[PDB]
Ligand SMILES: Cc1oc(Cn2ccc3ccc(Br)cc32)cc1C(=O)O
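The data below hold one chain only, encoded as structure tokens and taken in the form deposited without this ligand.
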């Protein structure tokens, strides 16, 4: 079956006991056991189990894990290491992952090595004898740099590293790292998967039995589990993922065409443009596009004016909503970095990031263009 079908019929989301076509919400903390032997030494919440089954199915994995946030998911995966271990990350990682690793886990002796992974040979140069993990976001934020997933998986296997992909921006609908050799795939399900700005959740999938066993142990020992109500809403939201991503992709193509032609717009960052670095790699490992786009207007006041002029783009920092969202990295996500290092990494003052939602394509193109025309 094709993907839109698998979104509806894959996983276990019905109730075997009653035939209910949606999975019951087990708002409970305790399950009675028939006899005392069954209580050897979290007991699986069936609503959470349902969402773990969905994420394992959509990523062609064997094991799914649901955390109370994407940060809790990343944090759990990093706790697969010990003090003294090294992890390689793509060097434009920022936000939650960066803050967790550099302000929490370095205090536990986990060492972080940042690497431009757009060239996989950089990974090979960075490998030390203490390196245990390779962690890759692709495409990355906010400039959407693309990393060769298959080659990174090969390097990781050859050097004995656990390979991890943050697949939030692509979703399982367009890119399946486990199919390319990666050990663990994870998501901030808060974004496209939930899809409605109303669930904070992280999701992790793997095919490795032993990695899954260690993840289950970490989860049950540190306790960052997703609740049953949020698990329910996550499964619900994932039902329309294909339709939403396809609408978003149609709008993405049209919007990019408009931006590349507009006078007030300079550089445009998105893996669909041929001139974009590793465009061929992206087409080879994905069969669609993210809804995050970055582009340069002339300066900060042009950016702020763009925000104020748009009727349908909403000022906010998240992504993957049904509403289209707009932000200025240099004033929001990266305002802490000093201006010159920002400039030197690409985060010019006129950089704008949009997250395409599911409004009508013509409305989003026309709104953004009338806003740009006011410059």
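Residue numbers count along the first chain shown, from 1.
Omitted from view is the form deposited with this ligand bound, to which the following refers.
- Only one of 298 to 306, 94 to 102, 264 to 272, 233 to 241 places residue heavy atoms within 4.5 angstroms of this ligand in the deposited complex, namely 94 to 102.
- By the criterion of a heavy atom within 4.5 Å, residue 334 is counted among the residues contacting this ligand in the deposited complex.
- Although the partner is absent here, residue 44 sits far enough away that none of its heavy atoms falls within 4.5 Å of this ligand in the deposited complex.
- Though the partner is left out of this view, residue 349 does not reach within 4.5 Å of this ligand in the deposited complex, counting heavy atoms only.
- In the deposited complex, at least one heavy atom of residue 345 sits within 4.5 Å of this ligand.
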